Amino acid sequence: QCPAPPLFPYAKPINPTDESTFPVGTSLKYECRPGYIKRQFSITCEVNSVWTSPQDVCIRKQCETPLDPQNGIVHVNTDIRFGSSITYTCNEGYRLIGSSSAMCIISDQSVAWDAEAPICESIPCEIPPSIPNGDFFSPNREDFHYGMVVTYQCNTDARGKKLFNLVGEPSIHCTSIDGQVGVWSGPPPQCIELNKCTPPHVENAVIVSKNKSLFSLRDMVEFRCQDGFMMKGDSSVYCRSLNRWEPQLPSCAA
């Protein structure tokens, strides 16, 4: 009263023969297919004319233990057996080279990852910017990677004495915004002559006096707060030594 056995995706019959009718109590010899741990078993035709195979008879074969790449991680979403997949990511300051994923597939008479694990390499940087009248200090002057810091310094005169004022942040570091290209954290500083002041900025104010690309000692700057802003400090300031202003730069508060 049993029909022909089911067509199992995980198993095949050891000795298939031409037939389509089996009485209850009939046992047939089956085998696990490629990608499953080798096992020979029996399927039985039960009293209700339905075929029953033993529970968890065919176990999917395991692929090699994945490792986390150095400076990266391996992500096991299900397991490390036949048909499953793994993905890889690199850590902050590193970029992936190779395959970001692998699948556990049939390889010859066993199973294997259809891709090799990737490399997570340090994000490189271009040489930091050149600045007129100064330079940066580095043990390696032409090799930069994520995290590295460079400090700039102004050139001295022919007698080794201070000749310029270093204006702005003296240090910058190799970073990345996209996790692929290395960028310097900010702009390099400027090396300004000792009798000069760089153009002053006061938020929510305009200069009403003559603007200059660069000011000289005792040059005056007059500021005006924008509409609806209140002034704190004197509106007229003069260029001092060390890129300073006397009185100090004013402020505009809403």
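For every residue, the number given is its place in the sequence shown, counted from 1.
Per the PDB record, of the two stretches 189 to 197 and 223 to 231, 223 to 231 carries the greater mean B-factor over its C-alpha atoms.
Higher mean CA temperature factor between 152 to 160 and 132 to 140: 132 to 140, per the PDB entry. Considering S49, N204, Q70, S209 together, the PDB entry gives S49 the largest C-alpha B factor. When the modelled residues of the chain are ordered by their C-alpha B factor, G35 lands in the middle third. The PDB entry assigns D178 a C-alpha temperature factor belonging to the middle third of its chain's modelled residues. Per the deposited record, the Cα B-factor of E169 falls in the middle third when ranked against the other modelled residues of its chain. Residue-level temperature factors show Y10 in the middle third of its chain, judged at the C-alpha atom. Sorting the modelled residues of the chain by their CA temperature factor places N243 in the middle third.
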